[PDB]
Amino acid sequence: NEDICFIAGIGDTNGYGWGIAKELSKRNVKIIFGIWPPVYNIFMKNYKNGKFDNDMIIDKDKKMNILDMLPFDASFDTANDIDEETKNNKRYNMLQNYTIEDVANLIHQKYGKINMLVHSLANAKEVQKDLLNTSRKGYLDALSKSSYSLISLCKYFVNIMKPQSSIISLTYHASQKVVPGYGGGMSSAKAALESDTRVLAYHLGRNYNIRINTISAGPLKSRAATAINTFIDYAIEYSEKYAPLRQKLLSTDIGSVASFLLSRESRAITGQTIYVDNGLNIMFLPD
């Protein structure tokens, strides 16, 4: 079979994007990485130097098959949208075709139609500030990068997808219950993402027969998580202590659920927020 999945939001092997790639790879899905330009050249260097080799082993027989790796910035819908400062940036200057539309066109031109799409990215320039102290520009940046990027990804990628294709993104329970520390409008962006997942499920389901769901993951010590204010150290310790299942949450635990939601096995599931967090979301009072 010719399953191809574009994963937008891989920067190294420590986040959920990598775990999803690994699990899809087990099912013989061809994988294309969309890599944020500021970290693209570093990623390629680490890859070439074999830094990721142990992380690519699926088992005794299998290694991750990575079809391609492309620069991708969810800040920009089309070529016209890139500002002067960015195009002049040292790191963007030597790259091209990294807007959402350009990446869709490039994948389709090289490999044809795909049938799986993963949104595994977020950004918020004021994450370290409380919501109350977040500026209009800060808040809108969170929503632009973390929420609107999903809509744009759908809008441009549906043209290059087969009927019965499937899309997932990643969210966090701070959208629904208060997590002090989860600042800069990230909580807001995740609330919008979960709502948009429903509305998009209606549009994509009726028009194209395409499904879209979102996985609400528990805490993982990824690069981005490090940026929140040992906030991640706290979250992990609390989850491992109080969740119904006292076991370390792995990126591939989210990967196996993603793989299921992206396969035909879940053909009757759409518009849903699925919790993959060892059950922590169900608890009220710590015991």
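From 1 onward, residues are counted along the sequence shown. Between two forms, the rigid core is the largest collection of C-alphas that superpose within 1.5 Å.
The stretch that moves more in 4 other deposited structures of this protein, judged by CA deviation after a rigid core superposition and choosing between 146-154 and 76-84, is 76-84. Averaged as a root mean square over residues and superposed structures in 4 other deposited structures of this protein, CA distances to the shown form are larger in 54-62; the pair compared was 252-260 and 54-62 with a core fit. Per the record, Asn54 and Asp55 are directly connected, with no deposited-sequence residue omitted between them. Just going by the entry, 76-84 versus 101-109 on mean CA temperature factor gives the higher value to 76-84.
Averaged over CA atoms, B-factors in the entry run higher in 20-28 than in the other of 265-273 and 20-28. Residue-level inspection of the entry shows that, of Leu250, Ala258, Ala225, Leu70, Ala225 has the top Cα B-factor. When the Cα B-factors of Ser188, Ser146, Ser166, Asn159 are read from the PDB record, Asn159 comes out highest.
When the CA B factors of the chain's modelled residues are split into thirds, the value for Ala122 lands in the middle one.
In the deposited entry, the Cα temperature factor of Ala201 places it in the lowest third of its chain's modelled residues.
Among the modelled residues of its chain, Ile236 has a C-alpha B-factor that falls in the middle third according to the deposited record. Remark: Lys137 belongs to the middle third of its chain, ranked by C-alpha B-factor as recorded. For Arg91, the recorded CA temperature factor ranks within the highest third of the chain's modelled residues.
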